[PDB]
Amino acid sequence: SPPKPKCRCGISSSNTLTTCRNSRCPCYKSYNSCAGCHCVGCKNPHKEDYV
Amino acid sequence: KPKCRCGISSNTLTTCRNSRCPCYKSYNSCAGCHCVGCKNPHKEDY
Amino acid sequence: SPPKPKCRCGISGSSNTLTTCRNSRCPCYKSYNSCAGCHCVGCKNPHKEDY
Amino acid sequence: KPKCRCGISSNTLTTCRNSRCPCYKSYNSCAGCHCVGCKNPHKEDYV
DNA sequence: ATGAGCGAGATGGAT
DNA sequence: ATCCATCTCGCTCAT
Ligand SMILES: [Zn+2]
Ligand SMILES: [Zn+2]
Ligand SMILES: [Zn+2]
Ligand SMILES: [Zn+2]
Ligand SMILES: [Zn+2]
Ligand SMILES: [Zn+2]
Ligand SMILES: [Zn+2]
Ligand SMILES: [Zn+2]
Ligand SMILES: [Zn+2]
Ligand SMILES: [Zn+2]
Ligand SMILES: [Zn+2]
Ligand SMILES: [Zn+2]
């Protein structure tokens with residue numbers, strides 16, 4: 001299985017209220033968390049709580 | 001089959017020659033249509 | 001009035017291409033200007049020169 | 001002068017106060033426009 | 001009159 | 001720093 005694709009959202013100045021919570025974030029889009037990512041001001045709600 | 005109303009109500013070059021004309025869109029002529037200043041390139045069949 | 005604008009007309013996959021840069025939504029055509037410096041595709045702007 | 005239709009999908013703080021409003025972009029007021037929730041600061045002079 | 005569909009522009013993750 | 005796929009949202013025009 002390919003390595004978990006890390007994101008870099010919000011690094012640059014963009015709208016900080018949606019960083020990693022829209023379809024441009026590959027993690028958010030794939031229902032993953034940003035564990036291990038290099039995003040800044042991450043607003044990803046996903047926890048990978050697969051239970 | 002459609003009878004369009006293009007040009008009745010501006011880009012005069014595209015009248016019945018763009019996706020919003022139901023006849024152009026469907027590869028049809030404007031035979032029987034109510035269009036004004038029709039530019040449909042598909043002529044009524046002789 | 002500012003220096004003439006730059007457009008990006010025609011980048012979408014539209015088949016409505018007869019009037020690319022030759023209708024009111026092109027800021028160049030609308031202002032009686034050429035597409036000098038633009039990144040439009042399939043440009044039909046009839047203006048060869050600015051102003 | 002143009003007649004814009006801004007405000008008639010989201011973000012109303014900036015309607016007619018951003019580069020996509022032909023009036024704001026050209027330093028014109030929205031007097032006579034069809035815009036709605038207009039935030040254009042430019043005011044039309046007195047005739 | 002009017003609103004669906006259009007399409008040029010803004011955005012910002014990736015580079 | 002720009003680039004371009006994706007999204008926004010002002011504009012046109014058949015209805
Ligand atoms: Zn992200
Ligand atoms: Zn991430
Ligand atoms: Zn994140
Ligand atoms: Zn027609
Ligand atoms: Zn027709
Ligand atoms: Zn016709
Ligand atoms: Zn153009
Ligand atoms: Zn141009
Ligand atoms: Zn052009
Ligand atoms: Zn406006
Ligand atoms: Zn206005
Ligand atoms: Zn306004």
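Both backbone and side-chain heavy atoms feed into the values below; hydrogens, waters and symmetry mates do not. Naming: A, B, ... by sequence-line order, numbering from 1 per chain.
Residues satisfying the side-chain contact (heavy atoms from CB on, under 4.5 Å) criterion with A:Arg8, sequence neighbours excluded, are A:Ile11, A:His38.
In this structure the side chain of A:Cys9 reaches within 4.5 angstrom of the side chain of A:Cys7, judged on heavy atoms. Side chains of A:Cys20 and A:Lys43 form no contact here, defined as non-hydrogen atoms less than 4.5 Å apart.
Using the sign of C1'-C2'-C3'-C4' as the criterion, F:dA1 is classed as north-puckered.
Rounded to whole Å, atom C1' of F:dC3 lies 10 Å from atom NE2 of C:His39. Between A:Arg21 atom CZ and F:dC7 atom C1' the separation is 18 Å, expressed in whole Å. Going from atom CG of A:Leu17 over to atom P of E:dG12 covers 11 Å, rounded to whole Å. If you measure from atom CD1 of C:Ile11 to atom P of E:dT11, you get 18 Å, rounded to the nearest angstrom. Atom P of nucleotide F:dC11 and atom OH of C:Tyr29 are separated by 18 Å, given to the nearest angstrom.
Phosphate proximity of E:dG7 to C:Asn16: present, with a side-chain N or O under 4.0 Å from OP1 or OP2. Considering only side-chain N and O atoms, C:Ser12 lies nowhere under 4.0 angstrom from the phosphate OP1 or OP2 of E:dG7.
The distance between the ring centers of B:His42 and B:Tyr27 does not fall below 6.0 angstrom.
How far OG of A:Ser23 is from NZ of A:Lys29: 6.5 Å, rounded to the nearest 0.5 Å.
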Using a cut-off of under 3.5 Å, enumerate the N/O to N/O pairs linking the protein to nucleotides 13-15 of chain E.
{"unit_1": "E:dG13", "atom_1": "OP2", "unit_2": "A:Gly10", "atom_2": "N", "d": "2.8"}
{"unit_1": "E:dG13", "atom_1": "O4'", "unit_2": "A:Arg24", "atom_2": "NH2", "d": "3.1"}
{"unit_1": "E:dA14", "atom_1": "OP2", "unit_2": "A:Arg8", "atom_2": "N", "d": "2.9"}

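Side-chain contact annotation: C:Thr19 with B:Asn11, donor-acceptor N/O pair under 3.5 Å present.
Closest-nucleotide positions on DNA chain F for C:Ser24 and D:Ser9 were compared, and the one nearer the 5' end corresponds to D:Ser9.
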